[PDB]
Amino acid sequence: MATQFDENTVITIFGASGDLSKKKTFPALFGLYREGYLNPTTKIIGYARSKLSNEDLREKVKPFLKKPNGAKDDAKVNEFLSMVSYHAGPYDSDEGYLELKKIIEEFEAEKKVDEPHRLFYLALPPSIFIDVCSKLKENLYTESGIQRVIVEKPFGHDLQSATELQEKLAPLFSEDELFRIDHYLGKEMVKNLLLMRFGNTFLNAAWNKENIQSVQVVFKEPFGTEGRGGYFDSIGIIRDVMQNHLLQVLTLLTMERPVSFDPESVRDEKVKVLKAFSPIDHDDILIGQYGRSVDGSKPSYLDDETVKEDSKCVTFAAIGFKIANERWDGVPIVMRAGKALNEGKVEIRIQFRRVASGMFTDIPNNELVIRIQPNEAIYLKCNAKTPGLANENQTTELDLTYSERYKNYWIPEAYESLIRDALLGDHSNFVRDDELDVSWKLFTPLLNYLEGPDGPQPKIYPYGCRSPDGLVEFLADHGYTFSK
């Protein structure tokens, strides 16, 4: 039903000289092209204030282009660059966009195009989205065509600021025209989730309060914010990865089955489950800030020269959640994330219930682990009779390591899969306005509580520690049963 972009589509990246542009956006575009998923007739134009040539732009991005075949597909490289051009102009005034409109109509009139297909990728901070989107609607909007603009998760920092942005954004571009980017929704293992649960009775029949004891979404990084402490100070780990990325994953884990194949039926079920969340319990949290390492070799968060002496900024947080609907009523849900922990990992952990009396009740709980970022894998904790004469049980980890299957296929990077979905007009992996509204309604009261003057002091944990003090208790207090 939604029109697919193929031939004579023109892709304009705004903020092309910027870092996100040259390191991720152009690399992703070349990824698609190198693998035969970008049409040779695509016009790619980079736009920014700075005054560089086609050569500089092409040479700025050439290092970051991913060459998985080495010296092979070198012609694909050189061929992709020839599709790329640059235009200089300010974001704040019409002339840049009026020039840009001339190049594009020239390329498009040169071909049998009576339906211009335009993708605008805004590789920019949100403070400029609105300027650029205003100028795009003022100067570069064809009723006879289809245009789509991609913007990124940054957006706002609480309900008020996110609302104010969308209030300005809605009169410019409909939800059909906006593609909001939450990079986790482009990750392979995240994309697999809906089919994994809804497509397999082995999971879907157990996927309810009758059989699940505990749902965890887990984010660990082994490094702090050294050098960027003052930037992180007004963000914190909850804004950084939990209100957005982790909540997206949680939503895919807990939503009901979409009843149609329209991409908006997926988004409807995410919005629906979000609205079912009970308010966050401000006391049901564990809050940490990373201090000096036990080693002495790693600084504290406060050791950073751009952090004030008294910062209560949270670098680790475990938050409890409650969804009040028929599927999840009473199931404790924990989201936990932290920098400067002991490993780097993004992971879903689901623990299943045991029957209480009967033969195999002293047996351990089943458990499902979906690793997202590192070695994309699925692990199932199972029980089985000890082979042979014995009748004792033994637990078996079934390793569904997807890493072996993923070398037989081309597994794209998140931005490559997301840009592809945009070209196809599929909003399934993009954030809708009401989804955004509700997810900020859920998290703003907690952030207001933490960042108020009477908000609590995070407990200090050493850099590189496995998990701050109280975490293991907090999990036991949220339905998790530890075992040997």
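Residue positions are given as counts along the sequence shown, with the first one as 1.
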{"query": "Segment of higher mean CA temperature factor, 148 to 156 or 204 to 212", "finding": "148 to 156"}
{"query": "75 to 83 versus 336 to 344 - which carries the larger mean C-alpha B factor in the record", "finding": "75 to 83"}
{"query": "Selection by C-alpha B-factor (highest) of 219, 406, 277, 184", "finding": "406"}
{"query": "Peak C-alpha temperature factor (PDB record), options 119, 255, 294, 259", "finding": "294"}
{"query": "Third of the chain's Cα B-factor distribution that residue 33 belongs to, per the entry", "finding": "highest"}
{"query": "Within-chain third of residue 366 by Cα B-factor, per the entry", "finding": "lowest"}
{"query": "Third of the chain, ranked by Cα B-factor, where residue 330 sits", "finding": "lowest"}
{"query": "Cα B factor band for residue 449 (lowest, middle or highest third within the chain)", "finding": "middle"}
{"query": "Ranked against its chain, the third holding the CA B-factor of residue 417", "finding": "middle"}
